[PDB]
Structures are given as C-alpha cells and as structure tokens.
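Letter by letter, the sequence shown follows residues 4 to 144, 146 to 215 of the UniProt record's numbering.
Before any comments, here is the structure.
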Amino acid sequence: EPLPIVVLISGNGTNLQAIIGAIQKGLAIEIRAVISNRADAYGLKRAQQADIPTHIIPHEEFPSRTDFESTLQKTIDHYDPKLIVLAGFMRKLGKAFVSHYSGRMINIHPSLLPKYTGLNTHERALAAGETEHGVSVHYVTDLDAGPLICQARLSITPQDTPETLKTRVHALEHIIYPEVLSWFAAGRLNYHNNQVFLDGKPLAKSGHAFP
Ligand SMILES: [Cl-]
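This is the structure in structure tokens:
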C-alpha cells in the first residue's frame, strides 16, 4: 500500500519526474500533490501530465515569511502526507516550519555533504580538485544540511567537466531518491536523537553509502 507524500518544487523538477517514473515501475509511493512557490516551474507541467493536483504558492505574495509558510503548511497538511519531499525547492524554511515536519521531511542535494552546500556544486568540486563527488539525501533541518540518509559517490576523472559531472550526478539522483523513498514506504527508516536508523541500526554519519 503506497506511502502518501507531497512534493515541493521551485523549478524544472527533474527529481519529481524520476519519482513519477519509479511509481510507474512499482515504487510504493503516492504523490498526492505537487506544490511550487513559482508559477513558472516546469515541474508543475510534469505533475499535471501525471494527473497530480498542483498548487502555486508564490512566496512574494505574502506579507511575511510566516504567512507564506502558514499557507504552505496548510496546503501540505490538507493531503495528510506521511512524507514531505523536496525536489529543487529553493526557498529557505523557518525554524517553526522545519519543526512541524521533523522526521517527515527530506531533501536531495548534488554534493557529498557537508561539502558544497548551495549552488554550482559540480564546478566547485572540480575547482577544488576533488577526486570524488556525488549526491546526498538528508532530513531537512541550515542550508542543505541535516542527518544523512544516503550518499552516492562517483569519480572525477581528467576528462570530466562541470557538465559531465552534473549529468552523471543527475543519474545518481534518479537512482537514489526513489530508492530512499522505497525505504520509507517499507517502514525501514527512523530519525532519533540526531541519528538515522535503517532497519533499526544506526547508519554512519555519512548515511548509507553507494557504491
Ligand atoms: Cl563507481
């Protein structure tokens, strides 16, 4: 029986597409709604194509961050999701909002956290001369930070450019996000006392590693 989620987006929503595809292939997830803070997010079209209700909640149209967040939370909660899943959602969320969803809200980030929070991760890893790079899935707490669930890594080689890395890491995103969602659907994950547990066992701080 599918675990109900709500997905938050700001843009293209490529990870939303990956989840949509995985569901078609049997992933036990129901996307009850997709919510965007931008009317021009292509991800809205991805959702509509899959007959998923979409909500636009333009953050600038609210007197304050808390009003915006209030409408966001009420819109989310209407669907009684078990999990809130960020997919390219770019607004920072306040302390209260993050608390309301503690243990129930996750994000995917195209770096090996805690390195390279923020934008342009691939170019920054290259510029620093990293030999490894990848993607992290974590609970939301601080910019792109929180207890790690899963981290997938790959090698940077001499012919890599920021574009090859972005594309190769995009493949890892499409693999690991739906996989983590499958862990939640199967009741395998817990967040307790600053630690993540998988099948009742503490994960390493870096989360479950691939390869
Ligand atoms: Cl590898």
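All C-beta atoms in this analysis are idealised placements derived from N, C-alpha and C, irrespective of residue type, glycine included.
Residues bridged to residue i (per DSSP)
i	result
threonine 57	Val37
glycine 137	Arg157
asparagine 194	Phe201
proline 206	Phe201
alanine 213	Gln155
Residue i beta carbon near ligand 1 (any heavy atom closer than 8 Å)
i	result
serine 159	yes
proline 162	no
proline 166	no
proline 215	yes
Residue interval of the alpha helix (DSSP H) (run including residue i)
i	result
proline 5	Note, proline 5: premise wrong, no alpha helix (DSSP H); not H, not E.
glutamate 126	124-130
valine 173	166-189
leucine 19	17-27
Residue i, enclosing beta strand (DSSP E) - first and last residue
i	result
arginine 157	152-159
Heavy atom of ligand 3 within 8 Å of residue i beta-carbon
i	result
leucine 6	The ligand content of the structure shown is limited to ligand 1, which means ligand 3 is not among them.
Meets three-Cβ-pair contact criterion under 8 Å: the stretch 153-160 and the stretch 180-200:
Yes, since at least three Cβ pairs between the stretch 153-160 and the stretch 180-200 fall closer than 8 Å, the two stretches touch.
Given 8 Å as the limit, is there contact between the stretch 17-32 and the stretch 58-78, that is, 3 or more CB pairs closer than that?
These segments do not touch.
Decide yes or no for the touch test of the stretch 115-123 against the stretch 32-51: beta carbon pairs closer than 8 Å, at least 3 of them.
In short, these stretches do not touch, since the Cβ pair count stays below three.
At what residue ranges does the stretch 37-124 contain a whole run of the alpha helix (DSSP H), taking only runs of 4 or more?
Taking only runs of at least 4 residues, the alpha helix (DSSP H) segments lying wholly in the stretch 37-124 are 45-52, 68-80, 98-103.
Taking 8 Å as the cut-off, does the stretch 184-203 touch the stretch 124-136 (at least 3 CB pairs, one atom from each stretch)?
Touching, no.
If contact is defined by three or more beta carbon pairs under 8 Å, each pair taking one atom from either stretch, is the stretch 134-141 in contact with the stretch 100-117?
Taking a contact to require three or more Cβ pairs closer than 8 Å, the stretch 100-117 and the stretch 134-141 qualify as touching.
Does the stretch 160-171 touch the stretch 192-211, meaning 3 or more C-beta pairs lie closer than 8 Å?
The stretch 192-211 is not in contact with the stretch 160-171.
Across the stretch 5-12 and the stretch 78-89, are there enough close Cβ pairs to call them in contact, namely three or more that are closer than 8 Å?
Touching, yes.
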